[PDB]
Each structure stands twice: as C-alpha cells, then as structure tokens.
Amino acid sequence: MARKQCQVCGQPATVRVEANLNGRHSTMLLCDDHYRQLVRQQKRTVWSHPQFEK
Ligand SMILES: [Zn+2]
C-alpha cells in the first residue's frame, strides 16, 4: 500500500530504490532518468571503452 511517487518530480517512478540504513529498508522511488543520474554520481566502477584503442 501507500503509493509513492518520484520524490523529486511528480512523475510515476518506474524504479524502486531500496537502500539499507542500519537494517532499515528505505524504499525510495525515482524515475529512470533520476536513478541513472544517481548512479552516475557514484562514478563508474568497472567500465571500459575504446578511446584510442583499435
Ligand atoms: Zn522523476
């Protein structure tokens, strides 16, 4: 129950983000673009792309 929307914008959140805080399951709802932007803030872990590689 308790329908929540994107906490940033009033659009339907297609992504459910479950964050653990001291065991507490925090359910944060964001749109896809927001979530991608959020993960983007965390930098990129293991990503390789040819820059001058052939
Ligand atoms: Zn949104």
# chains A, B, ... in the order shown; residues from 1 in each chain; ligands from 1
call {"tool": "residues_near_ligand", "arguments": {"ligand": "ligand 1", "cutoff": "10 Å", "atoms": "only C-alpha atoms and all ligand atoms", "output": "compact mmCIF listing (two decimals) with C-alpha atoms, in the first residue's frame"}}
result
# COMPACT_ATOMS: atom_id res chain seq x y z
CA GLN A 5 5.81 8.93 -6.48
CA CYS A 6 9.19 10.20 -7.61
CA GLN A 7 10.33 12.19 -4.58
CA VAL A 8 11.95 14.69 -6.93
CA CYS A 9 9.31 15.14 -9.63
CA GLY A 10 5.60 14.32 -9.80
CA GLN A 11 6.04 11.56 -12.36
CA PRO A 12 5.37 7.80 -11.96
CA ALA A 13 8.53 6.23 -10.59
CA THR A 14 9.41 3.14 -12.62
CA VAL A 15 12.43 2.41 -10.41
CA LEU A 29 11.04 5.99 -5.65
CA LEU A 30 12.71 7.70 -8.59
CA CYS A 31 12.14 7.87 -12.34
CA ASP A 32 14.59 6.03 -14.58
CA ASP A 33 16.46 9.18 -15.56
CA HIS A 34 16.84 10.17 -11.91
CA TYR A 35 18.13 6.75 -10.93
call {"tool": "select_by_dssp", "arguments": {"residues": "range 12-42 of chain A", "states": "helix (DSSP H, G or I)", "output": "PyMOL selection string"}}
result
chain A and resi 32-41
call {"tool": "select_by_dssp", "arguments": {"residues": "chain A", "states": "strand (DSSP E or B)", "output": "PDB file with N, CA, C and O atoms, in the first residue's frame"}}
result
ATOM      1  N   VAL A  15      11.327   3.053 -11.112  1.00  0.00           N
ATOM      2  CA  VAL A  15      12.429   2.414 -10.412  1.00  0.00           C
ATOM      3  C   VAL A  15      12.238   2.490  -8.904  1.00  0.00           C
ATOM      4  O   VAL A  15      12.104   3.575  -8.333  1.00  0.00           O
ATOM      5  N   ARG A  16      12.216   1.332  -8.267  1.00  0.00           N
ATOM      6  CA  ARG A  16      12.168   1.266  -6.820  1.00  0.00           C
ATOM      7  C   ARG A  16      13.582   1.113  -6.284  1.00  0.00           C
ATOM      8  O   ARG A  16      14.280   0.153  -6.617  1.00  0.00           O
ATOM      9  N   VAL A  17      14.015   2.070  -5.487  1.00  0.00           N
ATOM     10  CA  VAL A  17      15.352   2.032  -4.921  1.00  0.00           C
ATOM     11  C   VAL A  17      15.276   1.650  -3.453  1.00  0.00           C
ATOM     12  O   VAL A  17      14.723   2.386  -2.637  1.00  0.00           O
ATOM     13  N   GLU A  18      15.817   0.492  -3.126  1.00  0.00           N
ATOM     14  CA  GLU A  18      15.808   0.014  -1.756  1.00  0.00           C
ATOM     15  C   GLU A  18      17.180   0.211  -1.130  1.00  0.00           C
ATOM     16  O   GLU A  18      18.150  -0.444  -1.512  1.00  0.00           O
ATOM     17  N   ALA A  19      17.256   1.127  -0.177  1.00  0.00           N
ATOM     18  CA  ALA A  19      18.514   1.444   0.483  1.00  0.00           C
ATOM     19  C   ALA A  19      18.481   0.980   1.931  1.00  0.00           C
ATOM     20  O   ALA A  19      17.536   1.275   2.664  1.00  0.00           O
ATOM     21  N   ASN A  20      19.506   0.252   2.341  1.00  0.00           N
ATOM     22  CA  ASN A  20      19.566  -0.269   3.695  1.00  0.00           C
ATOM     23  C   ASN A  20      20.226   0.737   4.619  1.00  0.00           C
ATOM     24  O   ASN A  20      21.364   1.150   4.392  1.00  0.00           O
ATOM     25  N   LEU A  21      19.502   1.140   5.645  1.00  0.00           N
ATOM     26  CA  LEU A  21      20.027   2.054   6.642  1.00  0.00           C
ATOM     27  C   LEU A  21      19.940   1.414   8.018  1.00  0.00           C
ATOM     28  O   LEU A  21      18.877   1.405   8.636  1.00  0.00           O
ATOM     29  N   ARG A  24      17.306  -1.001   8.273  1.00  0.00           N
ATOM     30  CA  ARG A  24      16.029  -0.460   7.831  1.00  0.00           C
ATOM     31  C   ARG A  24      15.981  -0.402   6.311  1.00  0.00           C
ATOM     32  O   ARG A  24      16.887   0.141   5.675  1.00  0.00           O
ATOM     33  N   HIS A  25      14.930  -0.961   5.732  1.00  0.00           N
ATOM     34  CA  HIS A  25      14.772  -0.958   4.289  1.00  0.00           C
ATOM     35  C   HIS A  25      14.071   0.317   3.843  1.00  0.00           C
ATOM     36  O   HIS A  25      12.855   0.451   3.980  1.00  0.00           O
ATOM     37  N   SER A  26      14.844   1.262   3.337  1.00  0.00           N
ATOM     38  CA  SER A  26      14.292   2.521   2.871  1.00  0.00           C
ATOM     39  C   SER A  26      13.926   2.426   1.397  1.00  0.00           C
ATOM     40  O   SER A  26      14.798   2.271   0.541  1.00  0.00           O
ATOM     41  N   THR A  27      12.639   2.502   1.110  1.00  0.00           N
ATOM     42  CA  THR A  27      12.166   2.441  -0.258  1.00  0.00           C
ATOM     43  C   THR A  27      12.015   3.846  -0.836  1.00  0.00           C
ATOM     44  O   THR A  27      11.109   4.592  -0.463  1.00  0.00           O
ATOM     45  N   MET A  28      12.921   4.199  -1.730  1.00  0.00           N
ATOM     46  CA  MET A  28      12.902   5.497  -2.384  1.00  0.00           C
ATOM     47  C   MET A  28      12.496   5.324  -3.841  1.00  0.00           C
ATOM     48  O   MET A  28      13.026   4.460  -4.540  1.00  0.00           O
ATOM     49  N   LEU A  29      11.544   6.122  -4.295  1.00  0.00           N
ATOM     50  CA  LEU A  29      11.043   5.994  -5.651  1.00  0.00           C
ATOM     51  C   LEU A  29      11.537   7.126  -6.537  1.00  0.00           C
ATOM     52  O   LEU A  29      11.340   8.307  -6.238  1.00  0.00           O
ATOM     53  N   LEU A  30      12.186   6.748  -7.626  1.00  0.00           N
ATOM     54  CA  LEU A  30      12.708   7.700  -8.590  1.00  0.00           C
ATOM     55  C   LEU A  30      12.346   7.262 -10.005  1.00  0.00           C
ATOM     56  O   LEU A  30      12.123   6.077 -10.254  1.00  0.00           O
TER      57      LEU A  30
END
